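full-length UniProt numbering puts the sequence shown at residues 1415 to 1422, 1434 to 1446, 1454 to 1609.
Beta carbons are placed, not taken as given, at the ideal position from N, Cα and C, and that holds for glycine.
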Amino acid sequence: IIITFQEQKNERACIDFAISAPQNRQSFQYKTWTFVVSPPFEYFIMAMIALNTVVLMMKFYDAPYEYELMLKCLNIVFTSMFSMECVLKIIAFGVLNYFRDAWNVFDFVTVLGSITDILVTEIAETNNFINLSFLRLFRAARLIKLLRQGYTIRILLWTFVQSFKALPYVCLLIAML
Ligand SMILES: CC(C)CCC[C@@H](C)[C@H]1CC[C@H]2[C@@H]3CC=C4C[C@@H](OC(=O)CCC(=O)O)CC[C@]4(C)[C@H]3CC[C@]12C
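1) Could you check what DSSP says for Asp1549 in three-state terms: helix, strand or coil?
2) What does a CB cutoff of less than 8 Å around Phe1467 pick up in its chain, not counting 5 residues either side in sequence?
3) Would you give the residue range spanned by the alpha helix (DSSP H) that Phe1476 belongs to?
4) Assign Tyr1462 to one of three DSSP states: helix, strand, or coil.
5) Can you tell me which of the three DSSP states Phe1540 falls into?
6) Cβ of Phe1531 versus every heavy atom of ligand 1: is any distance shorter than 8 Å?
7) Near ligand 1, which residues have their beta-carbon closer than 6 Å to a heavy atom?
8) What are the start and end residues of the alpha helix (DSSP H) that includes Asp1441?
9) Comparing C-alpha positions only, which one of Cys1505, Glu1517, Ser1546, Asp1494 sits nearest to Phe1476?
10) Who are the near neighbours of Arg1580 in its chain, counting only those whose CB is closer than 8 Å to its CB and skipping five residues on each side?
11) Whole-angstrom Cβ separation of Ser1515 and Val1552, contact assumed at under 8 Å?
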């Protein structure tokens, strides 16, 4: 099936078709922009991503309850820092400049999810709905930010996923089966 697969030169055509294909310095805006574009800031964010994943891993069953309290405090600290990072981005860049990156939207959504999770877990039992705990996905989903830094693996995933997006009817045939 691999050897004989119909196509329904090309490199040059794709290259020739793809051939078609920052913020200013005024005030404290520029100071915040300089801080958030400083490579130390981005590296610090990466490091705290790593530490947050470590804290997410540190959970285990039947903890002394001085361990769970420490984990909750660390989660509060991490989500507070991430909200602060989102605030400094939304100030240093424009609001339109921020919500038009397709990654800053994701970071903002995960920050709001984490904050809502923190707020709910304190009085969660009073909701009495099966969807009380689904807000805990955002802490885990914060892990994705390293997939950006993993260059070849991000390229590989994006290529294969956009390939899957161009075949919506084979999946419909399997669903029909
Ligand atoms: C690439 C690595 C360096 C990054 C991740 C490091 C840690 C976040 C991971 C490494 C292995 C994990 C540990 C694997 C097994 C232990 C012991 C385990 O202790 C028990 O189960 C005792 C309970 C009982 O015996 O009844 C609790 C989780 C814990 C601390 C885990 C805590 C988090 C750890 C240290």
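In short:
1) Along the sequence shown, one-based indexing puts residue 1549 at 117. Looking at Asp1549 - three-state DSSP - the assignment turns out to be helix.
2) On the sequence shown, position 35 is the one that residue 1467 refers to. For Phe1467, the CB contacts under 8 Å within the same chain, skipping 5 residues up- and downstream, are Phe1473, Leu1520, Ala1524 in chain order.
3) To locate residue 1476, count along the sequence shown from 1; it is residue 44. From DSSP, the alpha helix (DSSP H) with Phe1476 extends over 1471-1489.
4) Reading the sequence shown from its first residue, position 30 is the one you call residue 1462. If DSSP states are grouped into helix, strand and coil, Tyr1462 belongs with the helices.
5) The residue you call residue 1540 lines up with position 108 of the sequence shown. In the three-state DSSP reduction, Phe1540 falls in the helix class (H, G or I).
6) Working through the sequence shown from its first residue, we reach residue 1531 at position 99. Result no, Cβ not under 8 Å from ligand 1.
7) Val1486, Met1489, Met1490, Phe1492
8) Along the sequence shown, one-based indexing puts residue 1441 at 16. Run containing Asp1441: 1435-1443, per the alpha helix (DSSP H) assignment.
9) As a position in the sequence shown, residue 1476 is number 44, starting the count at 1. The option with the nearest alpha carbon to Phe1476 is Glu1517.
10) Along the sequence shown, one-based indexing puts residue 1580 at 148. Correct list, in chain order: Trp1535, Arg1586.
11) By one-based count along the sequence shown, residue 1515 stands at place 83. By one-based count along the sequence shown, residue 1552 stands at place 120. Not a contact, Cβ separation roughly 16 Å.
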